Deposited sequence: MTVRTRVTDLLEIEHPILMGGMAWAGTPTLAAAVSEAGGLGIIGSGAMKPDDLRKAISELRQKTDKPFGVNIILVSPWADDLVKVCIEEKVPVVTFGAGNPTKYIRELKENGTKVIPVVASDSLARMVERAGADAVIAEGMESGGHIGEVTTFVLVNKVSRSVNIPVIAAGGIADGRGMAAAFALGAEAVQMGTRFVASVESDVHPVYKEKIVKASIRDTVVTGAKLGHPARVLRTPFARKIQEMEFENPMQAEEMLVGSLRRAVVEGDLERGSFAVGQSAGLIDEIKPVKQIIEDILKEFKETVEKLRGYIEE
């Protein structure tokens, strides 16, 4: 095991977060990641406050360990979903789709750790100023809605610009990537596609099979750009409910398969426990390898 400012901040064992996408970020997958020592994350993007309350309850029936809730800022229920996180003492809240400054203070005053997802250097500095505990720097190789900067560049610039810990997201699916992210300045990694491709993930079996089969070149950017698998529906687009149809129904015809380029690094569906074991082992072997040079 490796210790970082992020495992200290979040009071977890491993510096590894799952994605917490809508529909795929279920309490079942989040509970598995958290119990395994990482940070499971409930994706509330498609949730109403009642749905999130239930989701939090069923996660806590499985694990006592820390967990996060991801809130999409453009959701009509965003204010109320933040209020749910405060009332249910959610330990960690991540944000997507913009600047969550308006919520940071009330979350922090009530003891929640706040970690906005950013695709820019300027936004990172802004949310640091507004009180963020850490930031996720998400490169555009990730799946779903994306920014413009790649992980290799973004993590480097963001970590140099802030003093709070940086978490790298996008393109990370193994221990090599964890070491590479740490070299760029990150102190944890978020691996959305890798944990969607797990035994404990409840995405449709077809979703898992497509990730396994997909190469590093099998995603496309369509549209507010978003990265999805090169599926028939992604061709026809070049949208409402399309992500749910892929995740829940495995619909190859009109599902949007929001997966990142790291799908080309994923060749089999693994248990969450094995994923975390293999990451840590390869991270350590990679660092020993680098040490050989100096």
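Unmodelled regions (deposited sequence positions with no C-alpha coordinates, counted from 1) are 1, 225-228, 244-256, 313-314.
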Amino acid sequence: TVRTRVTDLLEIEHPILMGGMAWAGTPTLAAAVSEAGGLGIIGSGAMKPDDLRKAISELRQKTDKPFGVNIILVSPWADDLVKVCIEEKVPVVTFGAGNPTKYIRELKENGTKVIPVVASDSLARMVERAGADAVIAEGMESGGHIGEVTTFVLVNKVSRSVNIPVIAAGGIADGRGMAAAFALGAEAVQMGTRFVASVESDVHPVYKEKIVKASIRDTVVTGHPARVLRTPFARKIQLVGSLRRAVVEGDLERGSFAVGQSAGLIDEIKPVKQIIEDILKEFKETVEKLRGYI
From here on, numbers count along this sequence of modelled residues.
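244-252 and 39-47 differ in mean CA B-factor, and the higher of the two is recorded for 244-252. A summary of the deposited B-factors shows that, of 113-121 and 182-190, the stretch with the larger mean C-alpha value is 113-121.
The PDB entry assigns its highest CA temperature factor, among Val221, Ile216, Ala137, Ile211, to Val221. Per the deposited record, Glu148 carries the highest C-alpha B-factor of all listed residues (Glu128, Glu141, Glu148, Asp174). When the CA B factors of the chain's modelled residues are split into thirds, the value for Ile237 lands in the highest one.
Residue-level temperature factors show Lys54 in the highest third of its chain, judged at the C-alpha atom. For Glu200, the recorded CA B-factor ranks within the lowest third of the chain. Only modelled residues enter the ranking. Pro225: CA B factor in the highest third of modelled residues in this chain (values from the PDB entry). Looking at the C-alpha B-factors along this chain, the one for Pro91 belongs to the middle third.
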